[PDB]
Novice: 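Handing you this structure, nothing more for now.
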Amino acid sequence: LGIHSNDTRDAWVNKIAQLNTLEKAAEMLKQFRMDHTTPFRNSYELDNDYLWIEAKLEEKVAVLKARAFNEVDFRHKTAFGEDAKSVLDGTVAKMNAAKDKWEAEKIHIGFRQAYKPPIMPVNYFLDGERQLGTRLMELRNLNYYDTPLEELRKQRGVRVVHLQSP
Amino acid sequence: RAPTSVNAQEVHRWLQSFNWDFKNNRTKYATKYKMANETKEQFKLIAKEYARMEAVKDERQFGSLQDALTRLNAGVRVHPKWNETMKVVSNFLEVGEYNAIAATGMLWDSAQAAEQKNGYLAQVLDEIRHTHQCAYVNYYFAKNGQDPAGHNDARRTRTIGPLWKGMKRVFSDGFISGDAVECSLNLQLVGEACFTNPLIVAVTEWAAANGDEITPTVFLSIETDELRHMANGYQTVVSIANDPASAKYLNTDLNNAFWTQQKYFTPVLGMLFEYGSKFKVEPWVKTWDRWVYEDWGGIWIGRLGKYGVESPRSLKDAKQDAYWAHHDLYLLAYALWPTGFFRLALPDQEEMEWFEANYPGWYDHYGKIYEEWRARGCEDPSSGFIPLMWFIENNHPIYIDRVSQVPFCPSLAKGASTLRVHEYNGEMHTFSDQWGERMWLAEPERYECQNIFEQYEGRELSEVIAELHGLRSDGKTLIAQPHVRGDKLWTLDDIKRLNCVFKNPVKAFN
Amino acid sequence: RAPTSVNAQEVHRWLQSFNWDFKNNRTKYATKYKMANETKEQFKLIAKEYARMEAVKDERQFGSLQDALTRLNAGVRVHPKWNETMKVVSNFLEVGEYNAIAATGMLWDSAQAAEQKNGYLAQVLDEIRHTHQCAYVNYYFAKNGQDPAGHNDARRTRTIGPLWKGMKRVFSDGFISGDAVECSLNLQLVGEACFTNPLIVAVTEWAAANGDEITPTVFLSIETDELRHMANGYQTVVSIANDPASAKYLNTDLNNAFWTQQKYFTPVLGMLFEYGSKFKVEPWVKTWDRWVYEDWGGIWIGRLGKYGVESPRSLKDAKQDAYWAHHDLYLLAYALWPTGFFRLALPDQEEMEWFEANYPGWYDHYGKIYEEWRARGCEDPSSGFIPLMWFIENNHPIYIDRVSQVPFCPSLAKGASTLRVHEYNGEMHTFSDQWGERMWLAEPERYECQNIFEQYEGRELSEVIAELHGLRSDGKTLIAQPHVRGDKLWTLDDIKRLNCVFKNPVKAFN
Amino acid sequence: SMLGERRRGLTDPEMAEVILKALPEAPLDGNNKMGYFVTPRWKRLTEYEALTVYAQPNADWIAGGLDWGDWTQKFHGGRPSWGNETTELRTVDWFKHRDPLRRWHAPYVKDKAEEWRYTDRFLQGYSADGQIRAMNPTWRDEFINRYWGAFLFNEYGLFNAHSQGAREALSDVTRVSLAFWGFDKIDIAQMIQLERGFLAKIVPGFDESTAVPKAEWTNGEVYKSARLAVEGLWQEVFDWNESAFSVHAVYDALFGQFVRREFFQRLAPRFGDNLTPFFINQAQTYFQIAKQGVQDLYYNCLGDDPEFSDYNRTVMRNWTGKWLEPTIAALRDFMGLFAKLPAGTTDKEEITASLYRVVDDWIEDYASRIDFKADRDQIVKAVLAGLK
Amino acid sequence: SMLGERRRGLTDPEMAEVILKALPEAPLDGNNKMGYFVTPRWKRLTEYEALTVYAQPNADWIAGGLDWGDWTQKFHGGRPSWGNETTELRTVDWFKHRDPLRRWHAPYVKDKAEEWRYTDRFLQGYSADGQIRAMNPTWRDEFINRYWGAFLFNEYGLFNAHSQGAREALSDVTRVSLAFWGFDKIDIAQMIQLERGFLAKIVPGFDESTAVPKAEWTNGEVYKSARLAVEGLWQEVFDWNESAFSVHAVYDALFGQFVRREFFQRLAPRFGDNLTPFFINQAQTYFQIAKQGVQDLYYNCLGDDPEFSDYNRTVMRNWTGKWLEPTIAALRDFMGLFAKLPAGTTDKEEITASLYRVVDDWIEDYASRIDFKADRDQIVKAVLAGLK
Ligand SMILES: [Ca+2]
Ligand SMILES: [Ca+2]
Ligand SMILES: [Ca+2]
Ligand SMILES: [Ca+2]
Ligand SMILES: [Mn+2]
Ligand SMILES: [Mn+2]
Ligand SMILES: [Mn+2]
Ligand SMILES: [Mn+2]
């Protein structure tokens, strides 16, 4: 019940073993990403095992997708049957239309949560990482120090628990 | 009909054109900067000539190691403290070299000029050589040294302790994760230029003073290569100095790069040098000041002033929180000695005198504490005492900076004592300075590294060590030790009997 | 289409067939023995593989020398006496190596079987390597040592002194002049198997004890090569063991070969080791008694009695000379110090004890004389004294053995003080034993080497030294010295003032 | 000074004495084998494995990792320093791969350096021996300088296709192999230029400028489809494994092997050219060296993975189909170079035979490893279609 | 013992301190250059010269010697260990020679070792690349196995011709060069056998036995006169310089260069054989390397000797005439091999051109250096008579 081998992981392994269809497995993966990944995760309960669990879940989705999809689709369609290039161009469009760095980070992060392979094909995904990332940094690193910590904390919307400074 | 040939210089005269423009001839990586495709590299090399100059260096190096040094028993006649220190220095630098490989591969992808790509390529192969060289130091000390454990499995035993996490930040993730230009600065413009290099030399010095002729033999060889990456360091600031974005982004990634690097090495290096050695070379306080001022923050950076480059705005802060940083850290490292993969020793009489002489006030704080721990039997397995207990008993919480991963204890520190705690979407976050705090507040998704207290929360010490193989061959004696003598070594049992169960210190604010 | 290559043994299997038959396919050299053309060699090598295994050894060797050893200042941190000793050891062995080149080339010509020719060929190339290796030791000590003179020009300054002449006899002329089988024995069956191989090792030992890590690095490498030559040593005794002539010429040549080597090396190696070192390793007497007995004249030569090989009939006499010969000789070498290319030192107090403890009676003989010479001021330049003067004053003439070239003082010796003086066709010849005497009596024309006294007769000491370039770069100070300290070094004028004039000792006889 | 001012702990009496006094009677652990915990591929663990396996700090969530937890600093957006998301392929352990040649940095530069130094000696002997005299001028000034010269950009492009892999590879053993595969390709491209620069020195009027060969590559017809495939493999593939696999197990195994071995290697001799074959000897040695590593990673390790064998074969099978087409086109366009040859140099029969050789080798060494159903006749027919 | 029993002066505190205490403040002479007294051939003295010049203990009575007096032990009869009597040539200094490549033992085995290791890599790639397929069977089984194979005994014989020189050479610089010249020849002979042994592994039914090629050499017609010259140069010449000069500046410069370069190197490619040319590349590199040394010794040093220039040229001129005839005969008999080739392989015109190349090179590189009046037409004409 340690670091690399514990009840939680065993549990998800068995859980994952009962995913006989692509739609089910794919949907569970996306749901898992919404629930346990990124600073916007719905919960931090699986903080110590989610990274490993997610990978094991991706494994199932990839295997199922390969058996279900025909060659062209495996290369150009997402696990949800969506046209990969569309999603990519669409998301990039929204990113460029981003008003500020706050809307931008929401676009990029969500993109990762919903399309991270084996959902979207790696080629499109990393092509996306390339464009979304460039825009996000540009907006974020502009006058990076102007906003003082006192206000930035509020903009982030964090709950200040304790402060010390001699 | 005379005997003629062709050399690298002559063939490299045409390498610049090797690249041809087309549809998607562009970088696959996100970056705010645009690298001019007209950039040239300082050294006119081709694979063949690169291989040759490197092979000649290998000959000398391995020749010395396998022959004369082995005959002189150089792997053994080293001070115990240093034998241990090299397990950390060599393996930690090994990962810095290894990630430098991937990072320069990324820079290679970013460069559009064939020559700038070629410059990085040479570095990709150099960093691979350095990975293998650092690996060889551990390999050699394990084969011929006084204590193989740690040297023989650092790649897996390094994962038990907290010091390792910050290493992946400055020399791993900080090297490959983020804007290629940001990673470029973390590696070359700041990492290599400000620390890595002057550091490599220093290591050879501290090593020689402690009987280690193995490290100088290898590291001096690594330096020769690095003298080339330096010249290639400006090449990255030149291919963007024109792009308008650079005049609006460079200084920020550089400031964050500087802080990130010094946040870790300022404390760790001084610590490894002053506390991992017997014989001293130079007080870290004076070394750091020279490196981070008359050298980097002064001479080296000042020349880049004509490209816009401005001195880090966090330079004043860094020097402030530095004087006692390494001393402050050792108290923590020692207190959590069972989580290491190397043996630690407490300052002896001459050393305390040396420390006081060089850092007035040192004794009344650190000196007294170490004598207290020693008298209470922290080195004896039958005392049932490990300094971690002293921190708990005296209410001195130990946190891990969510950003730099550096351990800090505000209520005991003689250096920086500022602490900031926040709660965001169900998770608590602890910070040790205004710069790391900013980085997190703005880039929350870039910093989600779990700390040892989080992963080990609720776990009993001896169990974490056992699970992660923190033991020597006998399957009972700990790799880590609170002293460097050959007798009275601590065993797993000795630890289990302590009944230490980890707690996530942040929750005391609930 | 599976990856395949061809190795040396796969090629060597057909080497024996390379030679073909024709009328004049025979040796160009005179020899009483016939070498069977069916002989095989122990190692199945080809030029390519030979080169590779030798190159790998060079890598380590030069790597150690140019790198770690240079960094450790190994060329300097050696005892003064040893720095001097290596000028003689390395250069004298250099000529033994060099002559072994020509000698094995002669053996190569003699062999008729392609494989036996190939075995010798490898040796021809090894002896060139060895020449260059011994040359490198001198080259290195001259570049990085405490006293370059002698190391930097031994090839010309070695010609001033008498010790050099005997060296050309055992390791030069004795190697190439005479029946190929006689030369084979002087070089391999005795020179190496009895002295060189055990000697090379011993030198590395005496060197290590005196701070010299340069010589071990090179000589240990030379030893690895000589290992093959040893195995190739029996190959010469096997290709003739059948021929009827061998059963009646072998023992005679083997006896002379043995006496030749022993006569010179017995007293000289021991002299360089005991008087040329600060830290002793083992008395020459028991080092010798081991080599010639528990290693050669029994557990080595007895494995060849099945070929008609017997025991050196002069083995008994030789034994009665490994106890005192080297002591008899340092007396003469020091007495004639102005004729060398190295600096010598009087036995200190601690050494005299060692000598007396390991060789009872050493003090009442040599000790008392050395004490007297110092009283005479032999170390101080202003004394106007050179031990040679003492031999004149006390009527103790010094002769040179017309055969072996070994200097001897029959009136003071403790070894084989059996002087024999003969006149023949208008010339006087002096011998020191019954063996060398029979050699000259039977083979007059083989021994016409003029000695230093015959060549220097009527010449003033200072003029010989100046003429033969026996000076340091200041053009005034002598390379040779009667002490190994850093000041009070004798100059040419200090010697001239002595007005020493050589004279041929044999001319007193009517 | 003569002794220096720096005192060393190994030789300084005082310091060495302190050190010796603090030493244990014997080593504190008899296990003096670094990397003892690594699973050997062969009988005993190798220096190559010890110095390489696990250098990459992967956490268990990346197949085979030994660490734990997330990366300390990630990309803006959240992208991990290294992650499963950078490749379609899946495995039980990314550290299973082993370069059959066991090449770590030292052995690699040692072998290439020997080659470099020999090459120098060769060229010096060649020119001094005046062997250049017996070489056909047309072949020299047209095919070697223009068409062989243009090929350098093909190898250069393949080299550049490795850039992303150097950054994304999920293990040390793979990253190192990848690096050496690409480095060998840039080497070859540079060797092609070395020959042109050599000819320029021993052949008056020979222009070493790359202008001509480059022009041929960028706007020619012979390599048009080749360049189009190269451009894609390099800049249109973001999956480090698809790039490496498609480059070495498809495009270069077909097009490259044909051009290098079945055209220039095969015909150069016929024109009294032994210079070019000297360099192709290298490219071919390099190709065969990389093939062993390529096979071990994609077939032995991924293609035969205990849990993802079927899955991975599907993907590579997919990739093979994806790139087999552009490669055929590259070969087709290349057929045009035969027409530029002097009459009688070679006939359609030899061409066909050489084609069948490349394809048959390809089918035996790669295609059959993933059960890709290849039709030798149909492939040869297609390339032969656009024959000069 | 972890530490050990042997106390070393450099690391033992007690001993080292004694040593350090006895050291002088500074070196006792600032001239730290071994061999400083040697006259440099180039700008500054080289490691090659320092380590070699004067290693030979010659006394002044042997031109250039620095020692004095007779040898300590001579041959029965009185023959000196080394003496002027072993060669007709005379000089002002036998130590003047310099190998232009400055090869002492270390550099020599280093270069050859690189060649050896590369050769291994080459053969492994060659066989794996299956290049053997495109090689003509007749050329392989007849000309390579029999005629090229037989040539090994020619090179082997030339190797053996150096034996006496290894013993008689009057200086270190010459002895070392001589040794390397001969060693390179035995290497080539072994490489010829290496190729036959290689073919035997990748070509079923190929016999690596030397029986056939040897039989061809000992009783064939093609190499009859060649063998006769070889046998003489090796066993009928007792003058170490006549042997070295006649072998490298006459026989091997003519016969050898023709066979190696103008026959096998020139025709192998025409039969799809790139294997043999790989090894000939070495022999040719070796030949050109030895040529530089040969020229320096016999022309620069002896042929242009300040006091014996005229004398030495007369002797070499004499030697050239003495061995030119047997060499022409060797070439003549060799012409017969062309009749064996498949029709159309080459014609009498090419043969004649290749002959003129060898001779013209020989005249410019050797014959003209000693003013030997050579008639290219007459020499070529004599040889062609051998064309069956
Ligand atoms: Ca008389
Ligand atoms: Ca005939
Ligand atoms: Ca014709
Ligand atoms: Ca004419
Ligand atoms: Mn590096
Ligand atoms: Mn670097
Ligand atoms: Mn030897
Ligand atoms: Mn020997």
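Each ligand, and each atom within it, is numbered from 1 in the order the structure gives. Here is how names work: the chains are called A, B, and so on, in the same order as the sequence lines, proteins then strands, and each is numbered from 1.
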Novice: Please work out whether the ring planes of E:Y156 and E:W234 are parallel, tilted or perpendicular, with thresholds of 30° and 60°.
Specialist: perpendicular

Novice: Could you check whether C:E437 pairs with C:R420 (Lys NZ or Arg NE/NH1/NH2 to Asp/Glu carboxylate O, under 4.0 Å)?
Specialist: yes

Novice: Centroid separation under 6.0 Å, is that true for the rings of D:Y147 and D:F263?
Specialist: no

Novice: In terms of side-chain heavy atoms, does C:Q405 have a donor or acceptor partner in C:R169 at a distance below 3.5 Å?
Specialist: no

Novice: For the Ca ion (ligand 2), which protein N/O/S atoms are closer than 3.0 Å?
Specialist: E:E221 OE1

Novice: Can you confirm if the NZ or CZ of C:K28 lies within 45° of the ring axis of E:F238 and under 6.0 Å from the centre of its six-membered ring?
Specialist: yes

Novice: Do the two ring centres, one from E:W362 and one from E:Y356, sit under 6.0 Å apart?
Specialist: no

Novice: Look at the rings of C:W440 and C:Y424 and say which category their plane angle falls in: under 30° parallel, 30 to 60° tilted, over 60° perpendicular.
Specialist: perpendicular

Novice: Which protein N, O or S atoms lie under 3.0 Å from the Ca ion (ligand 3)?
Specialist: E:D347 OD2

Novice: Taking the six-membered ring for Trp, are C:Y456 and E:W68 ring centroids under 6.0 Å apart?
Specialist: yes

Novice: Pairing donors with acceptors under 3.5 angstrom, does anything connect the side chains of E:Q131 and D:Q265?
Specialist: yes

